[PDB]
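Have a look below at one chain only, the form deposited without adenosine-5'-diphosphate, in structure tokens format.
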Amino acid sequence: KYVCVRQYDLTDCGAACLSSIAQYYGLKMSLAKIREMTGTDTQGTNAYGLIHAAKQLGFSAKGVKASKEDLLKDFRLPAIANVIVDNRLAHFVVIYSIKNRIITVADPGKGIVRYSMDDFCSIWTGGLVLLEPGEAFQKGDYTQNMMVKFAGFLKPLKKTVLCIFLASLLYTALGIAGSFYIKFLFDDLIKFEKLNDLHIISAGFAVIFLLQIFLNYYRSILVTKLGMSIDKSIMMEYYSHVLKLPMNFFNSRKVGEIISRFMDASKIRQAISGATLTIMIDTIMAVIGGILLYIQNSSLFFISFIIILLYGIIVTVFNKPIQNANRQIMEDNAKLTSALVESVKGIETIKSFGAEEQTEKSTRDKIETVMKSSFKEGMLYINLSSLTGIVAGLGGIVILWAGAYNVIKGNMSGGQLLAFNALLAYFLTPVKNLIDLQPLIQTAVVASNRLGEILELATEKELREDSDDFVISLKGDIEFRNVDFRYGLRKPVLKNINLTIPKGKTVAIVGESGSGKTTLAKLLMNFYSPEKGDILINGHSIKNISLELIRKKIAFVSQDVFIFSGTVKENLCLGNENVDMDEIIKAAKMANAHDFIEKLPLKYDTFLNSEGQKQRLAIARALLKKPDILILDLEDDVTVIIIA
């Protein structure tokens, strides 16, 4: 079926290709699991990670080189090709069918595309990964329907939904009733010259409109409140789960990558509320409108049905090219913004080298590309609007023509045609909304999957299957035995360490221009678990001790100091909740910080927020922790591991 899995982020390209191949063989899995399983870092994945992850799925993976001649031969059909686009990135494609003249490749960023053989070999660098379902392969479906999971938020908000439904029904009924004002005017009042009845009936048809307006007001208020509640629920759940995820999740992804899902929550809410309400209301309203239209005249109703069918056909045809054009515009805008940012940041180098003429030329070229993509999307929109306007206006003229023909023949009256034209709104608009619901549903399904893949992950506490046991004291001799570490699937950083740290006697490890020693301290904070070996405090293993106690009794003063926008009092008391003024005073006095307090605008520095007043706050906080183990990047302090 030539499965092509989209890539949610700019990095999970090899993971998307592996997921596509797995789904091609009857194994569907969440993209998050494969992403954390291929060793996807900020830079991206590689052939080794994909091969290892395929081995974890029972696939038989190999890493081979190939050329045009090797393509001319016969090998496994759905392989992975390391195609380089934009001359960088870890971009991958899935080669499905050889078809010597034209190579058909599934790209996670564009879809199923077809390249010329020469063009393909120009863009393909020879890196081929051959996947084949091995003996251990097992078909299955290991993903959850996230649309149902997010629609479960509507269960507590049932009374609001019911009230919205009832208000919509009343609004529709009042509008349908009031659409007959023109018929009553032209068939009874004007024809027979009734003046008192004209005033009485017209006044009664204005109260209906006022009730309709009030119902719309109430329903709009309810819908706004429902949407805000759903947005808050989704955002808070996502953030609460994210805050508990392991450090691998944070090290493997950027900040915007984690943050854009807050915006995707808005799309999920848009689906769950708008699509559901629109379907529920508009189905009934369109059915009633169509019944009434057929009541007035069968031929005019059939013409209206043809009009709405043509509109739906045109919209469905134009749906996907618009999405492709919008994606291309977004990519071009991102490229232009990135170029502008790098140009502004390095303005000094441009000035020194006199490269202002070529910089503006490159910016002009990128702006020209952006304008070309914008014109393509604008022309698509113009064509769609022209076609739909032709259909709508010509159908209206044809409806008036056929209604006049029927009135002349005597099958209708002067007011029945105008009543039909009035009810045309309540028939055509619901079906138009039902047809237009497609892009919203598709985009929000994508966003719901994007949030649910993360929401399926396991937090730090869940991974620690072993309990706390009975370790409450963290005072002892630290022992690293046969400890090996790996940052995902990269080269090992720490190999066969046998290290002993006494109880109190301050030590300081000495490295060789390497940051790996720093992550040694990260192995004491349980941020990562060693691949092999053990870490023990006295005679008790680190994995044996509770996570909360380990992070509470160990203080790490990282060289990357984190200061958030808050008062100095709040910045110092982070996660304590049990402190007195004297303790903070003593801690600041110890770490040369109480002196700087008096030198400021002097609102006890509780306003907000050189690299000497940021770190010193970190050591002050570390002493506030009262840690059993202190690490810097009383005798019973279990040494002070200083990173030197």
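Only residues modelled in both forms are compared. Numbering starts at 1 and runs along the sequence shown. We call the rigid core the largest set of C-alpha positions that still match within 1.5 Å between the two forms.
Trainee: Checking the other compared PDB entries, only those that cover the residues flanking it, does residue 590 lack coordinates in at least one third?
Mentor: No; none of the other entries leave residue 590 out.
Trainee: Taking the other compared PDB entries with both flanking residues modelled, is residue 89 unmodelled in at least a third?
Mentor: Yes, residue 89 lacks coordinates in at least a third of the other entries compared.
Trainee: What size is the break between residue 633 and residue 634 in terms of deposited sequence residues left without coordinates: none, 1 to 3, 4 to 9, or 10 or more?
Mentor: Missing in between: 10 or more residues.
Trainee: From residue 42 to residue 43, how many deposited residues does the entry skip: none, 1 to 3, 4 to 9, or 10 or more?
Mentor: The entry has no unmodelled residues between residue 42 and residue 43.
There is another form of this protein, the form deposited with adenosine-5'-diphosphate bound, and it is not shown here; the text below is about that form.
Trainee: Three or more ligand atoms within 2.4 Å of backbone or C-beta counts as blocked, none as open; so place adenosine-5'-diphosphate from its pose in the entry with it bound by superposing the site C-alphas and call it.
Mentor: By the 2.4 Å criterion, blocked.
Trainee: Just to confirm the contact call: exactly one of 445-453, 83-91, 487-495, 358-366 touches adenosine-5'-diphosphate in the entry with it bound at a 4.5 Å heavy atom cutoff, so which is it?
Mentor: Heavy atoms within 4.5 Å of adenosine-5'-diphosphate in the entry with it bound occur in 487-495.
Trainee: Please tell me which of 156, 256, 514, 140 lies within 4.5 Å of adenosine-5'-diphosphate in the entry with it bound, judged by heavy atoms.
Mentor: So the residue touching adenosine-5'-diphosphate in the entry with it bound, by this definition, is 514.
Trainee: Name the residue from 559, 116, 220, 352 that puts a heavy atom within 4.5 Å of adenosine-5'-diphosphate in the entry with it bound.
Mentor: Selected option: 559.
Trainee: Hey, in the entry with it bound, is residue 605 touching adenosine-5'-diphosphate, heavy atoms inside 4.5 Å?
Mentor: No, residue 605 stays farther than 4.5 Å from adenosine-5'-diphosphate in the entry with it bound.
Trainee: Would residue 41 count as a contact of adenosine-5'-diphosphate in the entry with it bound, using a 4.5 angstroms cut-off between non-hydrogen atoms?
Mentor: Result yes; residue 41 sits at the interface with adenosine-5'-diphosphate in the entry with it bound.
Trainee: Contact between residue 266 and adenosine-5'-diphosphate in the entry with it bound at 4.5 Å, heavy atoms?
Mentor: Because no heavy atom of residue 266 falls inside 4.5 Å of adenosine-5'-diphosphate in the entry with it bound, the answer is no.
Trainee: With a 4.5 Å heavy atom cut-off, would you call residue 251 a contact of adenosine-5'-diphosphate in the entry with it bound?
Mentor: Residue-level check for residue 251: yes, a contact with adenosine-5'-diphosphate.
Trainee: Given a cut-off of 2 Å on Cα movement between this form and the one not shown, rigid core as reference, pick the single residue from 154, 90, 310, 400 that exceeds or meets it.
Mentor: After core superposition, the one over threshold is 90.
Trainee: Can we say the CA of residue 512 moves by at least 2 Å between this form and the one not shown when the core is superposed?
Mentor: Yes.
Trainee: Taking the rigid core as the superposition reference, indicate whether the CA of residue 603 shifts 2 angstroms or more between this form and the one not shown.
Mentor: After core superposition, the C-alpha of residue 603 moves 2 Å or more between this form and the one not shown.
Trainee: Given a CA distance change of at least 3 Å, are residue 556 and residue 604 closer or farther in the entry with it bound?
Mentor: Pair moves closer in the entry with it bound.
Trainee: Knowing the Cα distance between residue 88 and residue 489 changes 3 Å or more in the entry with it bound, does it shrink or grow relative to here?
Mentor: Pair moves farther apart in the entry with it bound.
Trainee: Using the rigid core for the fit, write out the stretches of 3 or more consecutive residues with CA shifts of 2 Å or more between this form and the one not shown, ordered by sequence.
Mentor: Runs moving 2 Å or more: 86-90, 467-469, 512-515, 603-609, 634-638.
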